[PDB]
Ligand SMILES: [Ca+2]
Ligand SMILES: [Ca+2]
Ligand SMILES: [Ca+2]
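Structural data, given as structure tokens:
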């Protein structure tokens, strides 16, 4: 019935929410704007994007945010007639500190205009809101320990949230320290039968990842741990195509069934490599998957052992499928950018990105370079398949090497490749390749660049991704294409390749314009094509 | 008569400006807020702070800015009855790119309300506005080349500025590539006798720094180089107490005398070390110095070789000294903080830094860690002498290790030391030392932290700097002091120690409060003392 | 009945050999001289050193050998009335190459003058000699692939050795490529029932280490792999005190029982640390353990699951205990140094190390520094316990800072600590601490070294090791002891801490003398004590 992952490409930190017979997953968006994606389903198999809640600077201001900063795992719940969304803005992602803030916004409907944030606390990420039977509300999050002699993951902190006062009240208490896996995060609370169940993520979001669960009769513990913990992990299953299984959330359907959504990474093919030495590279980042649960002696169990199954049986409901929500060839005739497109850190106004200046075109006025955490004229969508083609057609007339426009495959400010139009003193208007690998830049077509003929209005730019490797090609007519003589490697656009380990996103493909002279020179993109192959 | 440096501690990129018999110097402030510091003098010997122009968000918004980003060398000039101030907001300081923006603001007076900014260009830093004899206006700045096979310093660009239209007009053109020293920056135009003189900086701002001068009868050149170039350098003079002499600007006095202001580094004592292996560590960063000029066959010459003299002869005017503009022991008696105090990146509002919550105290509401480029509750002043004592007295009751308050010696987010009050599970409220060295944190007193007794209202914190080393000490009563058994080295808070090369500021000393839990806990500082020794 | 590890401290690559009811284990010695240790047992429980075969330069010349080069896993067998020992001299241990040569030496008795080496091949380390029932002899070893785009572990090469001709004959052929674990290493061949069994080490000698076994009816393959492979591994057992379980060799007893000897690492205690993030630091290096086997459908199985047991049941033989073979307090009254003492790389003559010069003393004439891979006057023994005291008493009169003598805890040339006597210009003869971490040297008592009175003939030096930490102490009278106030960490002398990953030995403790001036100055050591707890 259901083949995993249900949300492919960059979809980490899934939070699942039942409202009667409708089902929602919110996922993390990190430095990508707007913040948070929410998908809806009737059958837990087919999913459509229904909301992008954090779209006002008053809710989310990420200017200058570090790569993999911003919106970490969000938490979606529904109570007292409305949806409650908890989210982070993480400012510091390397070193002894992890400075970041937790906020609450609400809405009566999933896709309405959500409130402005209520500040909660800053003590650690992965905040979650629990709505207890007695009407009381409680916030759980991880508690961060910066000290040199200590492990940073101090445990799970709980504090009561007063709806009326719009603040946490009483005193914060640590209710759980974790198991020896440590790196205890992603807390979620569930009242099931006579117990409070505390779900956590442990072992860290790489290959040691796990979901741990514990129970207590008191909300403040002590929590006894599942006798066969972890509840879920891929660590002991180095051949399982789904790796890094953890950061889960429990759903109890109206049909009286139990399911567990979680993140996972799907490494590239590794045949010929030591099984255990390095466990793989995931260009699609961390994706969302689902597992069935069954109950024994008051403990849930992942059906089919504690590793993730590639295929599961969905709940006992009618299949409800959805119509495709993007054009394979986006001609840019719409009056609002398709909802699979996102921007870096900030909203781009009409002065930077516009469908109005030239109907049928996305116009990007040139801003800062691909290494800037501030203002980039860059519109991009997720790699969502191992095998795909992406294509654009652009008119751009640069007058200086400081200006560029092109097709970009992008992980972060220091890790990307592009096929771009720029200008050269002797050759004039040119096509080139450019890579950035940990801030180190290469120009592979150095002194060998494609001269673009004066009479050519539109350059056609394409990338063809074939799992491990990909290639850029170009055309001056849309019919006759020419390969550029460089093979690129997808593993360099993956979480696992990044040396900082603040690497929580996934690969994007998009359209970029830079004008480092500040002459407000723009590029006109006639269309954007993305097609699974 | 005049002993260099004239402006001590962090004072780089000096821009001198004459208005009648009044003399102004504008210096760069980088990430420190508010932006730009302007000093006034009557004799060029004695200098007083009179303006801090960039104090509104509309003019300067630096949240998230990299360390040593922001306001690089500024340009101050006077024409048509008003002051003209050109400044940068530099966003990228590492890698192939140096993304940054150039802005103009004006004021009828030096210390009034400066206009909101007019956007100029982004083609490169070190902007300077030239006021030609015909009433036409011209902007010069360096032109940035990002390409792998290229030297970044493409030379000096020039473009006319239209006052009426509030933008640059016509086509920008390179007017000078520089000499073989390269790293051509800090361009300044002067129309003297029959020639346009172009003053630049070359060799980079380290020990190869120079001031280059060229001339032409045509504004657009080509320019011919001084026959005994450079005009000023420290490179050939390893025994000079003033290194890195470059980035100059020229003044013509009302007494028909000529002077050259420039930046300089003052290395710490390095006796018994190889003269040329490593030329030193400057914790006071780049300071401002002044050289006399003489003329020979249409070319200016620095009086006493092209190396910087430690002492010069002032201009033919009566000496005007200024009263001390701060208290050695600042009791926080005003309704405003003393103007030697700055904040990181952003203004701090009363919600973070206030003299109104506890009379005669600076209260700091705890924000993010010392490693955050966003919101730090931190108020600091420059190290301005090699030997000094600094001290503060603070009331603070932390309820968690996520909370701290202390005395901080600080270079950047990743380089600093501190004597701070925090909380410990066993020991309760404690004093500890903490250092950060390229993001790597040490706690020198780990396991032996100072227990602060419950009846102590105030803890006194002191640093005593003695050139190459410094020590922290504490007191519970203000009378009996105890040294902490750790000697710190001042070279670790110096330009030359930082391994990023983007190290353009200097050491500061100040008061910090962090609340990582987000409970809005605060510290009350009764006084802040700074005293030269 | 038998408690693991059976061979404690640095004892890797064990090769077990049965001769009647006599059992022998040979282990690797790498850069430590003489080469190879052979231990004897009657019961497989109690083990005593009986031979150090490679004691002549014709056999083993290792001057300048890199750290963790030289004698890797040896192979010991018995056939046709004599003992056969196969060994390596590995010359290159980092990079694409692993340059090293395999040699064969023989002896009629375990402890006799072994022959001079017969050169065998150079194609890869882990040589092993197999004696087929029909009286033919074949050499197995790993085949090394240096190529950029290739996994370096090509598989197992096999070739017949001609006894008469003193050389290998025929064509070499690959009989096994390995499993997906790769890093296929440590080949041993056995003829059991109708099958040849090929035992290998896979997964590398760190935490993914395994014992792999396969079978064929032909010597040359193909080999079908054990259906529940690995035969032995610690990888899935992160809580097991015995880690890195692998590099096995099989023994069939005279009692018709089956056991497996293997290497193992015991990580230091790491309570509070994430279970899986980093699996530990092993200052005792790789030790020798023993497991029991049983048979099932023509395949051997480790009794107690495929992980290693801490305690096993020994073979049904009468126990034979051995006398302690060293003095807790070695007064140096013997004619030869105790056989638990080794030297680095080369044997030392009476001109360097002598028990004869001063009666009741070991005299070491000072040679080169602790960072020298050539001539060190160094005599050391293994750390063999997590808790121990080691102690010496030394007479030394340095006349220059170039001269030192002391007590050393030593991993390799770039990683060690010492308490040592040297000379200072003002203070004179002093006691100091020195450490070396990846070639980086520190002196934690600089400016506060202990002045040794001129009337003191002997300085007493002690180290007390307590698992994760150790402390040096001293005495002038041998009754009153002063701790030096520095706490050292044992993990810095562990396999796992070393960056090069050529880290194949373990911590030693010993006596050193340097004379960097070449004046042949010496130190007289009165005793050396080593005592568990
Ligand atoms: Ca179109
Ligand atoms: Ca006061
Ligand atoms: Ca003796």
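Protein chains in written order, with the numbering used here: chain A, 750 to 1282; chain B, 750 to 1282; chain C, 750 to 1282. Built from N, CA and C at the ideal position, the CB exists for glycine as well.
Enclosing beta strand (DSSP E) for residue i [first to last residue]
i                      : result
residue 1185 (chain A) : 1177-1186
residue 925 (chain B)  : 916-925
residue 1031 (chain A) : Premise fails: residue 1031 (chain A) is in no beta strand (DSSP E) and is neither H nor E.
residue 849 (chain A)  : 849-856
residue 838 (chain A)  : 831-839
residue 1117 (chain B) : Where residue 1117 (chain B) is concerned, there is no enclosing beta strand (DSSP E), given that its DSSP letter is neither H nor E.
residue 817 (chain C)  : Taken as a continuous stretch (DSSP letters only), residue 817 (chain C) belongs to no beta strand (DSSP E), as it is neither H nor E.
residue 1213 (chain A) : 1208-1215
residue 1256 (chain C) : No beta strand (DSSP E) holds residue 1256 (chain C); DSSP gives it neither H nor E.
Closer than 6 Å: residue i CB and nearest ligand 4 heavy atom
i                      : result
residue 1277 (chain B) : Annotation note on ligand 4: not contained in the displayed structure, which lists ligand 1, ligand 2 and ligand 3 as its ligands.
Chain A contact residues for residue i, given Cβ-Cβ distances below 8 Å
i                      : result
residue 850 (chain B)  : 1267
residue 1022 (chain C) : 900, 931
residue 1164 (chain B) : Those within 8 Å of residue 1164 (chain B) in chain A number zero; the least Cβ separation is about 12 Å.
residue 1121 (chain B) : 840, 841, 846, 848
Under 7 Å from the C-beta of residue i: neighbouring residues of chain A
i                      : result
residue 1177 (chain B) : Within chain A, no residue comes near residue 1177 (chain B); the closest Cβ sits about 16 Å away, beyond 7 Å.
Residue i - DSSP class collapsed to helix/strand/coil
i                      : result
residue 956 (chain A)  : coil
residue 1240 (chain B) : helix
residue 894 (chain C)  : coil
residue 1246 (chain B) : helix
residue 1163 (chain B) : coil
residue 1055 (chain C) : coil
residue 784 (chain B)  : strand
residue 1099 (chain C) : coil
residue 902 (chain B)  : strand
Those residues which DSSP pairs with residue i across a bridge
i                      : result
residue 799 (chain C)  : Answer by DSSP bridge pairing: none, since residue 799 (chain C) is not bridged.
residue 1280 (chain A) : A:1138
residue 965 (chain B)  : B:945
residue 1169 (chain B) : B:1155, B:1181
residue 1049 (chain B) : B:1044
residue 1144 (chain C) : C:1273
Beta-carbon spacing of residue i, residue j below 7 Å
i                      : j                      : result
residue 986 (chain B)  : residue 1056 (chain B) : yes
residue 1168 (chain A) : residue 1221 (chain A) : yes
residue 1283 (chain B) : residue 921 (chain B)  : Since the first residue shown for chain B is 750 and the last is 1282, residue 1283 (chain B) is missing from the structure and cannot be characterised.
residue 1101 (chain B) : residue 1114 (chain B) : yes
residue 915 (chain A)  : residue 958 (chain A)  : no
residue 1064 (chain B) : residue 1002 (chain B) : yes
Chain-ordered neighbours of residue i on chain C, where CB pairs are closer than 9 Å
i                     : result
residue 953 (chain A) : 1023, 1025, 1026
Proximal residues of chain C, C-beta to C-beta of residue i below 8 Å
i                     : result
residue 985 (chain A) : 985
residue 870 (chain A) : None at all; the shortest Cβ gap to chain C is about 25 Å.
Neighbour list for residue i in chain A, Cβ cutoff strictly below 9 Å
i                     : result
residue 957 (chain C) : 1023, 1024, 1025, 1026
residue 894 (chain B) : 1150, 1151
Under 8 Å by beta carbon: chain B residues contacting residue i
i                     : result
residue 813 (chain A) : 812, 813, 814, 1122, 1123
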